[PDB]
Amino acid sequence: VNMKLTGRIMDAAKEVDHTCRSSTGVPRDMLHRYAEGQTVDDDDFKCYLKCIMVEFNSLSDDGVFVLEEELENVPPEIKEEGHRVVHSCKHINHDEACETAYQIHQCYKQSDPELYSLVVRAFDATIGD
């Protein structure tokens, strides 16, 4: 595809990665490696996912999922397919704010692997190591 993911998350990927990586202590081998499909399940990586969601209004600091904000977070180029994924994963809630985020994300991955791989790879390419 020649689809270039735009939208508020892609626009601010470097900004939000800067604040969230500094907060959580997650380095790159984790992030671009997670993009490249490698399992990254370190406690800090989970809190990095959580931090991104908090910065884009789809999760409260204490781990409350906000559907309307997440639907807005779907890049415009994949609105249909991405909304489908979000709606399929909107009832996930784990014992702890970070685990909740990480497994909302593993639910996205389950729901549509190729779409999810597409999004994480585009995010990672905008940030840069």
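Start at 1 and count along the sequence shown; that's the residue number.
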{"property": "Stretch with the higher entry mean CA B-factor, where the candidates are 34-42 and 58-66", "result": "34-42"}
{"property": "Mean temperature factor over C-alpha atoms, higher-scoring stretch between 46-54 and 92-100", "result": "92-100"}
{"property": "Ranked against its chain, the third holding the CA B-factor of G82", "result": "lowest"}
{"property": "Cα B factor band for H18 (lowest, middle or highest third within the chain)", "result": "lowest"}
{"property": "Modelled-residue ranking by C-alpha temperature factor, third containing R121", "result": "highest"}
